[PDB]
């Protein structure tokens, strides 16, 4: 096999290790009412995305992602994350389809993406934090031809 599994056909130890290098939740993705003043998140987002592309160190990939990693890991894009399998994307983040923005005194999150948890690799979750228990339309609104909702 090699480089063929559940991580877009790269869950294998080669891409999973070079992928496991770090997490993607050191970057806050467009929160909107929370994010709008500085928006300095694309630094770690670009560095880690490149590290995901480094995970494919067939030869140089690892080197591109490591240099990019430092590029962002500079100050406010390095020591801000959890143990693994996480990336920050809240509010104005095109994936939910739901309507809830969590911003402090406006803490109501709309984020329905997927159910994928790879330690040190990508993780997609479906969660809507709102004071309402029962959702008026659908339980989990994710646009996918093979799936019904989630």
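Values quoted throughout were computed directly from the atomic coordinates according to the rules given, and no laboratory measurement underlies them. Virtual Cβ from ideal backbone geometry, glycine too; neighbours counted across all protein chains shown.
Annotations
- Taken over the range 54-93, the criterion of being without any contact (Cβ under 8 Å) to a residue 24 or more places away in the chain and surrounded by fewer than 17 Cβ atoms within 10 Å (Cβ to Cβ) is satisfied by 58, 59, 60, 63, 64, 67, 70, 75.
- Out of 14, 43, sole residue that is farther than 23 Å from residue 95 by Cβ and in a helix (DSSP H, G or I): 14
- When residues of the range 1-10 are limited to those that are surrounded by fewer than 17 Cβ atoms within 10 Å (Cβ to Cβ) and within 17 Å of the chain's Cα centre (by Cα), the one nearest to residue 95 (Cα to Cα): 8
- Residue, farthest from residue 121 (Cα to Cα), within the range 31-50, restricted to residues that are in contact (Cβ under 8 Å) with a residue 60 or more places away in the chain and surrounded by fewer than 17 Cβ atoms within 10 Å (Cβ to Cβ): 33
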